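Student: Pasting in a structure now, in structure tokens, and then I'll have a few things to ask.
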Amino acid sequence: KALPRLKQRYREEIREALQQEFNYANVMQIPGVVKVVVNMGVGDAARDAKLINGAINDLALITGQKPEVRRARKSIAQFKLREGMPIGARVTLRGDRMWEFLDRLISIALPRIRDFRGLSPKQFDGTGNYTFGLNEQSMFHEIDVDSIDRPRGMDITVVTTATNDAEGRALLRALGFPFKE
Amino acid sequence: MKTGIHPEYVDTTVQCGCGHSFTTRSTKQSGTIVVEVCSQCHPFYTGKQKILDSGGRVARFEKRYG
Amino acid sequence: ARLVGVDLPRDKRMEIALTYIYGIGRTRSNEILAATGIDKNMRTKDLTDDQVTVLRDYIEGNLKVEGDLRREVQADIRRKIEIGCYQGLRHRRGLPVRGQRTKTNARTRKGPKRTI
Amino acid sequence: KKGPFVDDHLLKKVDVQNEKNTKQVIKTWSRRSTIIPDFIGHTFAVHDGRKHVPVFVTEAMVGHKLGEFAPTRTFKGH
RNA sequence: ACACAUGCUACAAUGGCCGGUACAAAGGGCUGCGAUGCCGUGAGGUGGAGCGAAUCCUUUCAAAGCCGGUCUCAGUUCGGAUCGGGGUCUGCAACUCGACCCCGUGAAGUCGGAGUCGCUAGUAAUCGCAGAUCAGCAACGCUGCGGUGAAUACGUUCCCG
């Protein structure tokens, strides 16, 4: 397969239509996904030592990367933290991993969540990046539904080369990602 | 990519109940996904139904029809 | 098995496995399983995905479930708490709505006990 | 649901009120019916025995009998 | 916001739910009791047989019982409070404040601290039935009727009169 499927349609159709919509006047301004990072929770650090290996395993086999365990910048006292405790890992995706993760979640993960009305268009930063919340898990058919005692949630971020925000709305609208006015 | 730490990453074949079939790389050992969801989103329909859900004055006139 | 949105258990009969959804009790299981044709004695391990298909299409088509009843019951209780009814006042203060005994009992509405 | 109760005194008064397109505060004895949606928009001075409470009638009031948009008991506790 | 008191339903397998089937006693009835039939899923609707009643109606009356199937010890096919929708009947009128039925909803509760109460044989325990008051019902109450039916009492030292 020369091109991943989402990228199979991205390399011609979304780029040609997005040039139609916006007259940049310069090819290679046209905006595309850079990375897809996934934001491991927990916060059970200090309280419970064992789980973070639950999250390392969790990030993995949702996508096939070893999540790099990301730890505390500083010990902030109220929510028990300690400098150097593991609090959630993340995985950065770029390329074939990015696109195969995206198409699969798009045609698999998003529909399943119960009462999944849509995703907010408003949730952009100042510059075209989209982040949304997966509260429970087991949206994915990769995880066997009896292997999984407590629900581990996560943030999923799409980061694009969108200099605006309606740039990113237009991409992620044409790209098969849901929204709901 | 590092060698031994990443899980195995295989082609897959995803099938829904209507038969609309998808081929992707994936992490599943089975090489397939027998799913019940296809690119047939119900938000468009669910939303319409929800919009249709409100309005009771008519229902009251219903009970009486007069 | 999986259905309309309720994760079915391992080993339950169908007229009990349908009951674990918010819109279905025992009688709806006895009428749904009579209309569709699935044996009520079937376990959930022995359930067919095509039986999930016909059963699922029937009970999302001709009956309402989890989101419709939670948003509908919620929207009707907040309907009578917005317009200013006396039952609205009962839902406001946290009191029994049917006008029943409030002097000694109706502890399931006041909840846990504080004693003065 | 053979025939729901109608408050014939309030029925006669209500019809007169809406034929002339006149809206007037009404001191009403009646705690028993909001029968037709012909009562929409009319202000009802509901009588819990002791004083009259003005109640605006909108579209959602249909099916709630008229008296208990005004409550009869008072409770604080402290 | 509470605290007491008498009751009822429970916390399950000596049980729950579905099917088949056997046995009571007493009572109640005129602008009352109201059958077969037909319409409902069911409260009930339509209709009036027949009775001032050892006759007719309350079905030939019950339920627990027995035979069978299913459930496999679980906050569950236990438990029904609560809440939403939808109804029926009574009444001029079911909002504050009626009962009943249908669909959903499905909480506390794993036999209960100090204590304390009842009962010595058709008794306790459990199971339905009728009545008075009453248009309707807060009836789980009260007064009665019958069904199935135990254990223990060595004995006056101790508590109570």
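Numbering starts fresh at 1 for the residues of each chain in the structure tokens, the chains themselves are lettered A, B, ... in the order given, and ligands are numbered from 1 as they appear.
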Chain B near chain C within 9 Å: what's each residue's closest atom pair and its distance in Å to one decimal, counting only C-alpha atoms, ordered by chain then ascending residue number, as a Markdown table?
Tutor:
| residue | atom | partner | partner_atom | distance |
| --- | --- | --- | --- | --- |
| B:17 | CA | C:53 | CA | 8.1 |
| B:36 | CA | C:49 | CA | 8.8 |
| B:50 | CA | C:68 | CA | 8.0 |
| B:53 | CA | C:72 | CA | 8.5 |
Student: As a count of residues only, please: the residues near residue 97 in chain A (cut-off 10 Å, only C-alpha atoms (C1' of nucleotides), same-chain neighbours under 6 positions excluded).
Tutor: 9
Student: Got a sec to pull out which chain E residues are within 8 Å of chain D, counting only C-alpha atoms (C1' of nucleotides), and send them as a VMD selection string?
Tutor: chain E and resid 1 93 95 to 96
Student: Near residue 19 in chain B, within 10 Å and counting only C-alpha atoms (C1' of nucleotides), which residues show up once chain neighbours fewer than 4 positions away are dropped, as an mmCIF file with N, CA, C and O atoms, in the first residue's frame?
Tutor:
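result.cif, written as the output of this step:
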data_model
loop_
_atom_site.group_PDB
_atom_site.id
_atom_site.type_symbol
_atom_site.label_atom_id
_atom_site.label_comp_id
_atom_site.auth_asym_id
_atom_site.auth_seq_id
_atom_site.Cartn_x
_atom_site.Cartn_y
_atom_site.Cartn_z
ATOM 1 N N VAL B 14 -11.779 -5.122 8.314
ATOM 2 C CA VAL B 14 -12.880 -4.739 9.188
ATOM 3 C C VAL B 14 -14.182 -4.929 8.428
ATOM 4 O O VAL B 14 -14.319 -4.450 7.299
ATOM 5 N N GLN B 15 -15.131 -5.638 9.031
ATOM 6 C CA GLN B 15 -16.420 -5.894 8.408
ATOM 7 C C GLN B 15 -17.548 -5.508 9.352
ATOM 8 O O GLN B 15 -17.506 -5.824 10.544
ATOM 9 N N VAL B 35 -17.249 -6.013 13.394
ATOM 10 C CA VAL B 35 -17.791 -4.844 14.070
ATOM 11 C C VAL B 35 -19.263 -4.722 13.691
ATOM 12 O O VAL B 35 -19.728 -5.363 12.742
ATOM 13 N N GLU B 36 -19.993 -3.926 14.468
ATOM 14 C CA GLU B 36 -21.405 -3.669 14.225
ATOM 15 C C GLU B 36 -21.609 -2.239 13.742
ATOM 16 O O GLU B 36 -22.736 -1.805 13.519
ATOM 17 N N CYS B 38 -20.491 0.856 10.937
ATOM 18 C CA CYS B 38 -19.940 1.205 9.640
ATOM 19 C C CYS B 38 -20.023 2.711 9.468
ATOM 20 O O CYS B 38 -20.444 3.414 10.385
#
Student: With the cut-off set at 12 Å and counting only C-alpha atoms, tabulate each residue of chain D with an atom at most that distance from an atom of chain B, showing the nearest atom pair and its distance in Å to one decimal, ordered by chain and increasing number, as a Markdown table.
Tutor:
| residue | atom | partner | partner_atom | distance |
| --- | --- | --- | --- | --- |
| D:1 | CA | B:64 | CA | 8.2 |
| D:2 | CA | B:64 | CA | 9.3 |
| D:3 | CA | B:64 | CA | 8.6 |
| D:4 | CA | B:64 | CA | 8.9 |
| D:34 | CA | B:60 | CA | 11.9 |
| D:35 | CA | B:64 | CA | 10.3 |
| D:36 | CA | B:61 | CA | 8.8 |
| D:37 | CA | B:61 | CA | 8.4 |
| D:38 | CA | B:61 | CA | 11.4 |
| D:40 | CA | B:57 | CA | 11.2 |
| D:58 | CA | B:57 | CA | 10.2 |
| D:59 | CA | B:57 | CA | 6.4 |
| D:60 | CA | B:57 | CA | 7.0 |
| D:61 | CA | B:57 | CA | 9.2 |
| D:62 | CA | B:60 | CA | 7.1 |
| D:63 | CA | B:60 | CA | 7.2 |
| D:64 | CA | B:60 | CA | 10.9 |
Student: Can I get the selection written as a PDB file, in the first residue's frame, with N, CA and C atoms?
Tutor:
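Once everything was written out, this is part-v4.pdb:
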ATOM      1  N   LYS D   1     -61.333   9.960  30.988  1.00  0.00           N
ATOM      2  CA  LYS D   1     -61.396  11.039  30.013  1.00  0.00           C
ATOM      3  C   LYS D   1     -62.663  10.988  29.179  1.00  0.00           C
ATOM      4  N   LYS D   2     -63.811  10.923  29.853  1.00  0.00           N
ATOM      5  CA  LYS D   2     -65.066  11.175  29.159  1.00  0.00           C
ATOM      6  C   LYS D   2     -65.216  12.657  28.862  1.00  0.00           C
ATOM      7  N   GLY D   3     -65.223  13.479  29.903  1.00  0.00           N
ATOM      8  CA  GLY D   3     -65.196  14.908  29.732  1.00  0.00           C
ATOM      9  C   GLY D   3     -64.518  15.572  30.908  1.00  0.00           C
ATOM     10  N   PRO D   4     -63.449  16.317  30.648  1.00  0.00           N
ATOM     11  CA  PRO D   4     -62.734  16.991  31.735  1.00  0.00           C
ATOM     12  C   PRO D   4     -63.465  18.233  32.232  1.00  0.00           C
ATOM     13  N   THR D  34     -57.765  24.056  34.440  1.00  0.00           N
ATOM     14  CA  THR D  34     -57.244  24.903  33.366  1.00  0.00           C
ATOM     15  C   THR D  34     -57.628  24.299  32.018  1.00  0.00           C
ATOM     16  N   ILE D  35     -58.920  24.006  31.859  1.00  0.00           N
ATOM     17  CA  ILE D  35     -59.522  23.063  30.917  1.00  0.00           C
ATOM     18  C   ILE D  35     -59.090  23.189  29.455  1.00  0.00           C
ATOM     19  N   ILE D  36     -59.352  24.319  28.812  1.00  0.00           N
ATOM     20  CA  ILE D  36     -59.072  24.403  27.382  1.00  0.00           C
ATOM     21  C   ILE D  36     -57.737  25.133  27.264  1.00  0.00           C
ATOM     22  N   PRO D  37     -57.038  25.063  26.126  1.00  0.00           N
ATOM     23  CA  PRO D  37     -56.027  26.093  25.838  1.00  0.00           C
ATOM     24  C   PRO D  37     -56.601  27.449  25.437  1.00  0.00           C
ATOM     25  N   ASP D  38     -57.900  27.696  25.641  1.00  0.00           N
ATOM     26  CA  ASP D  38     -58.440  29.044  25.500  1.00  0.00           C
ATOM     27  C   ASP D  38     -58.025  29.932  26.670  1.00  0.00           C
ATOM     28  N   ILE D  40     -55.036  30.526  27.615  1.00  0.00           N
ATOM     29  CA  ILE D  40     -53.640  30.928  27.489  1.00  0.00           C
ATOM     30  C   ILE D  40     -53.534  32.447  27.398  1.00  0.00           C
ATOM     31  N   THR D  58     -49.362  30.102  30.282  1.00  0.00           N
ATOM     32  CA  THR D  58     -48.686  29.900  29.011  1.00  0.00           C
ATOM     33  C   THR D  58     -49.065  28.521  28.484  1.00  0.00           C
ATOM     34  N   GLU D  59     -48.351  28.088  27.444  1.00  0.00           N
ATOM     35  CA  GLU D  59     -48.757  26.893  26.715  1.00  0.00           C
ATOM     36  C   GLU D  59     -48.495  25.627  27.519  1.00  0.00           C
ATOM     37  N   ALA D  60     -47.609  25.700  28.514  1.00  0.00           N
ATOM     38  CA  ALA D  60     -47.243  24.503  29.256  1.00  0.00           C
ATOM     39  C   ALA D  60     -48.208  24.246  30.405  1.00  0.00           C
ATOM     40  N   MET D  61     -49.113  25.189  30.674  1.00  0.00           N
ATOM     41  CA  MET D  61     -50.008  25.043  31.814  1.00  0.00           C
ATOM     42  C   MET D  61     -51.150  24.082  31.511  1.00  0.00           C
ATOM     43  N   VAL D  62     -51.313  23.690  30.245  1.00  0.00           N
ATOM     44  CA  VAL D  62     -52.451  22.868  29.851  1.00  0.00           C
ATOM     45  C   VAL D  62     -52.294  21.447  30.369  1.00  0.00           C
ATOM     46  N   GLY D  63     -53.211  21.044  31.243  1.00  0.00           N
ATOM     47  CA  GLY D  63     -53.130  19.761  31.901  1.00  0.00           C
ATOM     48  C   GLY D  63     -52.793  19.832  33.370  1.00  0.00           C
ATOM     49  N   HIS D  64     -52.625  21.030  33.914  1.00  0.00           N
ATOM     50  CA  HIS D  64     -52.393  21.236  35.334  1.00  0.00           C
ATOM     51  C   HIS D  64     -53.545  22.059  35.881  1.00  0.00           C
TER      52      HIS D  64
END
Student: For a quick test of understanding: name the residues of chain C lying within 12 Å of chain A when counting only C-alpha atoms, and present them as a ChimeraX atom specification.
Tutor: /C:1-10,65-71
Student: Can you write just those residues out, N, CA, C and O atoms, as a compact mmCIF listing (two decimals), in the first residue's frame?
Tutor:
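Written file, part32.txt:
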# COMPACT_ATOMS: atom_id res chain seq x y z
N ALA C 1 -22.83 -10.27 25.38
CA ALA C 1 -23.05 -9.68 24.07
C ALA C 1 -23.20 -8.16 24.17
O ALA C 1 -23.18 -7.59 25.26
N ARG C 2 -23.36 -7.51 23.02
CA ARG C 2 -23.56 -6.07 22.95
C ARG C 2 -24.88 -5.84 22.24
O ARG C 2 -25.29 -6.67 21.43
N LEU C 3 -25.55 -4.74 22.56
CA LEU C 3 -26.90 -4.47 22.09
C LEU C 3 -26.98 -2.95 21.99
O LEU C 3 -25.97 -2.30 21.72
N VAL C 4 -28.19 -2.39 22.16
CA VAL C 4 -28.56 -0.97 22.06
C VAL C 4 -27.63 -0.01 22.83
O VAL C 4 -27.54 1.18 22.50
N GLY C 5 -26.85 -0.53 23.76
CA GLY C 5 -25.97 0.27 24.58
C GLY C 5 -25.76 -0.30 25.96
O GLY C 5 -25.00 0.29 26.74
N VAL C 6 -26.39 -1.43 26.27
CA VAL C 6 -26.16 -2.11 27.53
C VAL C 6 -25.33 -3.36 27.29
O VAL C 6 -25.73 -4.25 26.53
N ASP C 7 -24.19 -3.44 27.97
CA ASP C 7 -23.30 -4.59 27.93
C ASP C 7 -24.01 -5.75 28.60
O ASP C 7 -24.33 -5.69 29.79
N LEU C 8 -24.28 -6.80 27.84
CA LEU C 8 -24.99 -7.94 28.38
C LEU C 8 -24.03 -8.80 29.20
O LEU C 8 -22.82 -8.80 28.95
N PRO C 9 -24.53 -9.54 30.19
CA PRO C 9 -23.64 -10.35 31.02
C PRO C 9 -23.16 -11.60 30.30
O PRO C 9 -23.38 -11.80 29.11
N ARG C 10 -22.49 -12.47 31.06
CA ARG C 10 -22.06 -13.74 30.50
C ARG C 10 -23.23 -14.70 30.33
O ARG C 10 -23.59 -15.08 29.21
N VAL C 65 -35.36 3.88 24.58
CA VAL C 65 -34.25 3.31 25.33
C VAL C 65 -33.52 4.42 26.07
O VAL C 65 -34.06 5.51 26.27
N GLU C 66 -32.29 4.10 26.49
CA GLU C 66 -31.39 4.81 27.43
C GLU C 66 -31.42 6.33 27.25
O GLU C 66 -31.91 7.03 28.15
N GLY C 67 -30.98 6.87 26.11
CA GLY C 67 -30.87 8.31 25.99
C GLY C 67 -32.21 8.99 25.86
O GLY C 67 -32.41 10.10 26.36
N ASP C 68 -33.16 8.32 25.21
CA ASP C 68 -34.48 8.90 25.00
C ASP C 68 -35.25 9.00 26.30
O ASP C 68 -35.94 9.99 26.55
N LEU C 69 -35.14 7.99 27.16
CA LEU C 69 -35.87 8.04 28.41
C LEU C 69 -35.14 8.85 29.47
O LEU C 69 -35.78 9.44 30.35
N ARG C 70 -33.81 8.88 29.44
CA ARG C 70 -33.14 9.71 30.44
C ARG C 70 -33.31 11.19 30.12
O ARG C 70 -33.61 12.00 31.01
N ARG C 71 -33.20 11.55 28.84
CA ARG C 71 -33.45 12.93 28.46
C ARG C 71 -34.93 13.27 28.51
O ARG C 71 -35.29 14.44 28.70
Student: Could you give me, as a Markdown table, every chain B residue with an atom at most 6 Å from chain A, plus its closest atom pair and distance in Å to one decimal, counting only C-alpha atoms, rows ordered by chain then number?
Tutor:
| residue | atom | partner | partner_atom | distance |
| --- | --- | --- | --- | --- |
| B:6 | CA | A:65 | CA | 5.4 |
| B:7 | CA | A:64 | CA | 5.4 |
| B:27 | CA | A:61 | CA | 5.7 |
| B:39 | CA | A:107 | CA | 5.9 |
| B:43 | CA | A:117 | CA | 5.4 |
Student: Deliver the residues from the most recent selection as a file, using C-alpha atoms, as a PDB file, in the first residue's frame.
Tutor:
ATOM      1  CA  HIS B   6       6.586  -2.125  20.099  1.00  0.00           C
ATOM      2  CA  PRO B   7       3.613  -4.488  19.787  1.00  0.00           C
ATOM      3  CA  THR B  27      -2.630  -4.054  16.436  1.00  0.00           C
ATOM      4  CA  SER B  39     -19.649   4.657   8.110  1.00  0.00           C
ATOM      5  CA  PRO B  43     -26.013  11.447  14.704  1.00  0.00           C
TER       6      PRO B  43
END
Student: I need the contact residues of chain C against chain E, so if you could list those with any atom within 10 Å, counting only C-alpha atoms (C1' of nucleotides), and return them as number ranges by chain, that would help.
Tutor: C: 12-13, 15-17, 19, 22-28, 41, 64-65, 69-70, 72-77, 85-87, 96-100, 103-104, 106-111, 113-116
Student: Can you build me a table of chain C residues sitting at most 10 Å from chain D, with the closest atom pair per residue and its distance in Å to one decimal, using only C-alpha atoms, sorted by chain and residue number, as CSV?
Tutor:
residue,atom,partner,partner_atom,distance
C:79,CA,D:60,CA,8.4
C:80,CA,D:60,CA,8.8
C:82,CA,D:60,CA,9.9
C:83,CA,D:60,CA,7.4
C:84,CA,D:69,CA,6.0
C:85,CA,D:69,CA,5.0
C:86,CA,D:68,CA,5.4
C:87,CA,D:68,CA,8.6
C:88,CA,D:69,CA,9.2
C:89,CA,D:71,CA,8.5
Student: In Å, rounded to a single decimal, give me how far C1' of residue 160 in chain E is from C1' of residue 7 in chain E.
Tutor: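 The value is 27.4 Å.
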Student: Could you go through range 2-54 of chain B and tell me which residues DSSP, when run on the backbone, assigns to helix (DSSP H, G or I), listing them as a list in words?
Tutor: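 Selecting the helix (DSSP H, G or I) positions of range 2-54 of chain B gives residues 43, 44, 45, 46, 47, 48, 49, 50, 51, 52 and 53 of chain B.
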Student: Now that the selection is made, can you save its residues with C-alpha atoms as a PDB file, in the first residue's frame?
Tutor:
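As a result, result-v7.pdb now contains:
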ATOM      1  CA  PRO B  43     -26.013  11.447  14.704  1.00  0.00           C
ATOM      2  CA  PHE B  44     -27.759  12.926  11.673  1.00  0.00           C
ATOM      3  CA  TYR B  45     -30.779  10.762  12.417  1.00  0.00           C
ATOM      4  CA  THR B  46     -30.550  10.797  16.191  1.00  0.00           C
ATOM      5  CA  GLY B  47     -30.370  14.569  16.179  1.00  0.00           C
ATOM      6  CA  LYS B  48     -33.414  14.802  13.958  1.00  0.00           C
ATOM      7  CA  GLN B  49     -35.324  12.481  16.265  1.00  0.00           C
ATOM      8  CA  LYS B  50     -34.292  14.551  19.276  1.00  0.00           C
ATOM      9  CA  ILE B  51     -35.413  17.765  17.580  1.00  0.00           C
ATOM     10  CA  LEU B  52     -38.690  16.021  16.779  1.00  0.00           C
ATOM     11  CA  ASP B  53     -39.041  15.002  20.429  1.00  0.00           C
TER      12      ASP B  53
END
Student: Any idea what's packed within 8 Å of residue 23 in chain D, counting only C-alpha atoms (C1' of nucleotides), ignoring anything in its chain fewer than 6 positions away? Could you give it as a PyMOL selection string?
Tutor: chain D and resi 17+42-43
Student: Of the candidates D:56, D:15, D:75, D:46, which shows the shortest atom-to-atom distance to residue 30 in chain D, using only C-alpha atoms?
Tutor: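 Closest residue, counting only C-alpha atoms: D:46.
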Student: Enter the distance from CA of residue 132 in chain A to CA of residue 91 in chain A, in Å, rounded to one decimal.
Tutor: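 One can read the CA of residue 132 in chain A to CA of residue 91 in chain A distance as 15.7 Å.
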